[PDB]
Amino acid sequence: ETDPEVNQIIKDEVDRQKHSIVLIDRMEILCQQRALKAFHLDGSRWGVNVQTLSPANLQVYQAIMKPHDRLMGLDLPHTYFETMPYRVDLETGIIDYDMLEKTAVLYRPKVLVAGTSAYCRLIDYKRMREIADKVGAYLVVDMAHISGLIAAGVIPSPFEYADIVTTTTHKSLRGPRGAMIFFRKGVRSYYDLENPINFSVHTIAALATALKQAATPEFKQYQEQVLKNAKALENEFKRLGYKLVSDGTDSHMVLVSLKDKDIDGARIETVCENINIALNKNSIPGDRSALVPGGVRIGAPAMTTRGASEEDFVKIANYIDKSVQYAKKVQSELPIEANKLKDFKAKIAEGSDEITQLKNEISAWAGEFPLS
């Protein structure tokens, strides 16, 4: 490098990535144009507030609702504004639109928000609009995790029905670290969102290119692959006998249930961590304890960027199944006096022949892919 030992730390970290499968003024005006073009938005119906120095959703709430007003979102708490959650149906994993409607009619929120939590299926934005209208609420859609899918046009757009739409520029949209808040202009049913939003709130070159890239057909090819790779994963987990939350996915990620395997997702996360597989434990509907998450969240985008295919993702599913089989083994073999998660972690941190086998196998396989 230019000088320091920093060079080696970057070298070591870059090298660890390569051998791991990851499953997790005038320029400003240009960003506004490219943002609207990326999401096929009429400039007279839709405005947009971009920002590189930056939460995004919190700024929208303080802009539009008073301290008396109340908000509804997926799995929120019951801080400054009043909140009541809505939930997925326990048996199907799909948003319970009936209960949402009924609660919203009584609760009468000022804002109805969607896309906050980890939800693999498409959201019925039309039904969200209809529920929001009955109450007279704003419909805010956080599209931060599916923004790339929407830009590509490979899933439906919330911009047909939303009043406000928030997104990060860095997650699904593949740009630099910032945020964008889209808002409506014109006939509501009247709109006065522009001023309060703008009032409530080096890399802008980066974002401008990232918005241009987002509109390309090469980008759409990538997002098509993301959806395919996530489906391949859905089907192999189903074939290997796992239940999925929402019985599958319409998007870039899968949420695997582990209830039927008699094990939790934290245990799976740590086993995977030690064999060069990055994924997240994740709470699922049905869990007895909020501190013990009964599922695992797996996402396709990172390896798809590395040139991975459905064949590679069917293989990833097997490696994860192998990791649950190993986690089941070691947990059952732990003594009853030291059974807890702490003891499981201590045990796995010691190593084994099987861990070194799997790590080396996964490491070498992962090394075959480049960082595109």
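Start at 1 with the first residue shown and count on from there.
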Do any residues of the deposited sequence lie unmodelled between residue 24 and residue 25, and which range holds their number: none, 1 to 3, 4 to 9, or 10 or more? 10 or more
Averaging C-alpha B-factors over each stretch, which comes out higher, 25-33 or 338-346? 25-33
Mean B factor on CA atoms, stretches 55-63 and 315-323, record says higher is 55-63
Per the deposited entry, the peak Cα B-factor within the set 197, 254, 149, 123 goes to 197
Per the deposited entry, the peak Cα B-factor within the set 94, 201, 128, 164 goes to 201
Going by the CA temperature factor in the PDB record, which third of the chain does residue 232 belong to: lowest, middle or highest? lowest
Considering every modelled residue of the chain and its Cα B-factor in the PDB entry, is residue 331 in the lowest, middle or highest third? lowest
Would you mind checking where the Cα B-factor of residue 17 ranks among the modelled residues of its chain, as the lowest, middle or highest third? middle
Position of residue 138 among the chain's modelled residues by C-alpha B-factor, lowest, middle or highest third: middle
Could you look up the Cα B-factor of residue 80 in the entry and say which third of the chain it sits in: lowest, middle or highest? highest
